[PDB]
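To start, the structure under review is shown below, and the notes come after it.
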Amino acid sequence: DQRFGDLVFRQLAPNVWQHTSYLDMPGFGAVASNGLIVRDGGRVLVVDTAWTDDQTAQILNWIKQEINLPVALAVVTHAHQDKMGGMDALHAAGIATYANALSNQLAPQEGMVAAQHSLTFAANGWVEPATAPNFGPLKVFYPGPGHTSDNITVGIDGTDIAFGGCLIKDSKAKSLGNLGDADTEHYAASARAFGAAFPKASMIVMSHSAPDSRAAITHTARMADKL
Ligand SMILES: O=c1c(O)c(-c2ccc(O)c(O)c2)oc2cc(O)cc(O)c12
Ligand SMILES: [Zn+2]
């Protein structure tokens, strides 16, 4: 891992980097939230934001420093502070933000800024290409009601890497995490859906755990199978 200011960066693939944002919570400590940075030719594609806009701006700094390429668009997993904490930073930079239709509807309620674009999903969970213009390797898939009712997952086409967001947990986890607005009935079903959508993905990257194997999906489903 490479320390960069208040954040940590790590390379997973020759064109896929992972960022880690830390939120200082008195009494608990530092909560880490991961994200993905993929390079597509001469453009950069970012998945999710940091805990805060400031930290998100720090990511943009790293991108401009190491990659030196402009960000085409940014896709978030859900309307939560741990993934949509840097919406203003993106808008201030002029980066097009893409989020789920439900996320943009729940964002204002959660106290977050809705994205500029709304992703529409099919009955199979797959994203509608119409609302996904020039996404490239960013394949979006909506598993269903899990961590939230607006959570989505993104797979990096051209690589065996998939992002489980805050839905999927690591194979060494003991808890599912924040189950406040989570669906205790479709959690396992949704978790398994993601695994079926991307069965070739060996590296499952999440937001609160370091990139795990496919065992993370099964583990999450097995834990959610007890709800
Ligand atoms: O992802 C989240 C997260 O990690 C925590 C968190 C984790 C451990 C703690 O001990 C704690 O107090 C909070 O906050 C959250 C609050 C939300 O509304 C939604 C989230 O997704 C998170
Ligand atoms: Zn969340």
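Residues in the structure tokens are numbered from 1 in each chain, the chains being A, B, ... in the order shown, and ligands are numbered from 1 in the order shown.
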
Please identify every polymer residue within 6 Å of ligand 1, using only C-alpha atoms and all ligand atoms, and present the set as a JSON list (two decimals) with C-alpha atoms, in the first residue's frame.
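Result file follows (part08.json):
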[["chain", "number", "residue", "atom", "x", "y", "z"],
["A", 31, "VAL", "CA", -13.44, 3.91, 9.19],
["A", 80, "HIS", "CA", -24.70, 6.70, 1.38],
["A", 82, "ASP", "CA", -19.52, 6.28, 2.86],
["A", 178, "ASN", "CA", -24.69, -1.58, 8.81]]

Identify, counting only C-alpha atoms and all ligand atoms, the protein, DNA and RNA residues located within 8 Å of ligand 2, and give them as a ChimeraX atom specification. /A:78-83,147-148,151,166-167,178

If DSSP is run on the backbone, what residues of range 12-211 of chain A are strand (DSSP E or B)? A reply as a PyMOL selection string would be ideal. chain A and resi 12-13+16-25+29-40+43-47+71-75+96-100+117-119+121+126-127+138-141+153-156+161-165+203-206

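Candidate residues A:128, A:185, A:66, A:1 were compared for distance to residue 227 in chain A, and the nearest is A:185, using only C-alpha atoms.
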
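A straight line drawn from CA of residue 49 in chain A to CA of residue 18 in chain A is 11.5 Å long.
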
Quick one: everything within 10 Å of residue 94 in chain A, counting only C-alpha atoms, minus sequence neighbours fewer than 5 positions away in the same chain. Send it as number ranges by chain. A: 71-73, 88-89

Env of residue 190 in chain A: 10 Å cut, atoms = only C-alpha atoms, seq-sep filter 6 positions within chain, self excluded. Answer as a PyMOL selection string. chain A and resi 125+142-147+151-152+167-168+183+196+221+224

Next, write the just-selected residues to a file, as a PDB file, in the first residue's frame, keeping C-alpha atoms as the atom set.
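Saved as out_8.pdb:
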ATOM      1  CA  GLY A 125     -30.776  -6.311 -12.850  1.00  0.00           C
ATOM      2  CA  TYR A 142     -28.309  -4.071  -9.766  1.00  0.00           C
ATOM      3  CA  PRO A 143     -28.464  -7.180  -7.534  1.00  0.00           C
ATOM      4  CA  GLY A 144     -31.506  -6.100  -5.568  1.00  0.00           C
ATOM      5  CA  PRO A 145     -32.398  -5.143  -1.975  1.00  0.00           C
ATOM      6  CA  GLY A 146     -29.324  -5.797   0.151  1.00  0.00           C
ATOM      7  CA  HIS A 147     -27.351  -3.215   2.143  1.00  0.00           C
ATOM      8  CA  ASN A 151     -27.282  -0.429  -3.948  1.00  0.00           C
ATOM      9  CA  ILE A 152     -25.678  -1.447  -7.216  1.00  0.00           C
ATOM     10  CA  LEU A 167     -23.116  -5.048  -0.028  1.00  0.00           C
ATOM     11  CA  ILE A 168     -20.596  -7.871  -0.264  1.00  0.00           C
ATOM     12  CA  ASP A 183     -33.177  -5.790   3.431  1.00  0.00           C
ATOM     13  CA  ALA A 196     -24.008 -15.003 -10.866  1.00  0.00           C
ATOM     14  CA  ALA A 221     -24.676 -15.043   1.260  1.00  0.00           C
ATOM     15  CA  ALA A 224     -27.330 -13.280   5.033  1.00  0.00           C
TER      16      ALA A 224
END

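Take the candidates A:101, A:16, A:92, A:115 and check each one against residue 67 in chain A using only C-alpha atoms; the shortest distance goes to A:16.
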
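Near residue 4 in chain A, within a cut-off of 9 Å and counting only C-alpha atoms, sit the residues residues 7, 8, 9, 58 and 62 of chain A, with same-chain residues fewer than 3 positions away left out.
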
Output C-alpha atoms of each residue in that selection to a file, as an mmCIF file, in the first residue's frame.
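Listing of out33.cif after writing:
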data_model
loop_
_atom_site.group_PDB
_atom_site.id
_atom_site.type_symbol
_atom_site.label_atom_id
_atom_site.label_comp_id
_atom_site.auth_asym_id
_atom_site.auth_seq_id
_atom_site.Cartn_x
_atom_site.Cartn_y
_atom_site.Cartn_z
ATOM 1 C CA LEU A 7 -5.478 8.432 2.071
ATOM 2 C CA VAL A 8 -3.930 5.130 1.004
ATOM 3 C CA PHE A 9 -3.624 3.844 -2.562
ATOM 4 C CA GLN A 58 -7.377 14.368 -2.742
ATOM 5 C CA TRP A 62 -3.535 11.606 -7.082
#

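Note that the spacing between CA of residue 51 in chain A and CA of residue 65 in chain A amounts to 21.0 Å.
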
Shell of 7 Å around residue 201 in chain A, only C-alpha atoms, local chain residues under 2 positions omitted, as a list in words: residues 160, 161, 162, 198, 199, 203 and 204 of chain A

Dump N, CA and C atoms for the selected residues as a compact mmCIF listing (two decimals), in the first residue's frame?
# COMPACT_ATOMS: atom_id res chain seq x y z
N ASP A 160 -10.80 -9.61 -14.45
CA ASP A 160 -11.52 -10.51 -13.55
C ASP A 160 -11.69 -9.85 -12.19
N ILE A 161 -12.07 -8.58 -12.22
CA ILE A 161 -12.25 -7.79 -11.01
C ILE A 161 -13.65 -7.20 -10.96
N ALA A 162 -14.30 -7.32 -9.82
CA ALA A 162 -15.65 -6.79 -9.64
C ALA A 162 -15.76 -6.05 -8.32
N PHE A 198 -21.38 -11.82 -12.36
CA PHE A 198 -19.95 -11.80 -12.65
C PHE A 198 -19.29 -13.05 -12.07
N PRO A 199 -19.42 -14.20 -12.76
CA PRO A 199 -18.86 -15.47 -12.30
C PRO A 199 -17.38 -15.63 -12.67
N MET A 203 -11.34 -11.43 -8.31
CA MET A 203 -11.04 -10.41 -7.31
C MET A 203 -12.28 -9.58 -7.01
N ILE A 204 -12.82 -9.76 -5.82
CA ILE A 204 -14.00 -9.03 -5.40
C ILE A 204 -13.59 -7.91 -4.45

In range 2-226 of chain A, DSSP helix (DSSP H, G or I) residues written as a PyMOL selection string: chain A and resi 53-67+87-93+101-110+129-131+187-197+215-224

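Atom pair CA of residue 75 in chain A / CA of residue 215 in chain A has a distance of 25.3 Å (rounded to one decimal).
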
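When only C-alpha atoms are used to measure the gap to residue 56 in chain A, the shortest distance among A:132, A:197, A:87, A:122 belongs to A:87.
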
If you count only C-alpha atoms, which residues fall within 9 Å of residue 209 in chain A, apart from same-chain ones fewer than 3 positions away, as JSON, numbers by chain? {"A": [32, 33, 34, 169, 170, 173, 205, 206, 212]}

Output of the above residues as a PDB file, in the first residue's frame, restricted to C-alpha atoms:
ATOM      1  CA  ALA A  32     -11.940   2.902   5.863  1.00  0.00           C
ATOM      2  CA  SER A  33     -13.871   3.169   2.607  1.00  0.00           C
ATOM      3  CA  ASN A  34     -12.352   1.751  -0.588  1.00  0.00           C
ATOM      4  CA  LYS A 169     -18.415  -8.635   2.744  1.00  0.00           C
ATOM      5  CA  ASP A 170     -15.050 -10.382   2.965  1.00  0.00           C
ATOM      6  CA  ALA A 173     -16.088 -11.136   8.150  1.00  0.00           C
ATOM      7  CA  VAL A 205     -13.243  -5.526  -4.181  1.00  0.00           C
ATOM      8  CA  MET A 206     -15.454  -3.987  -1.521  1.00  0.00           C
ATOM      9  CA  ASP A 212     -11.010 -10.770  -1.543  1.00  0.00           C
TER      10      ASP A 212
END
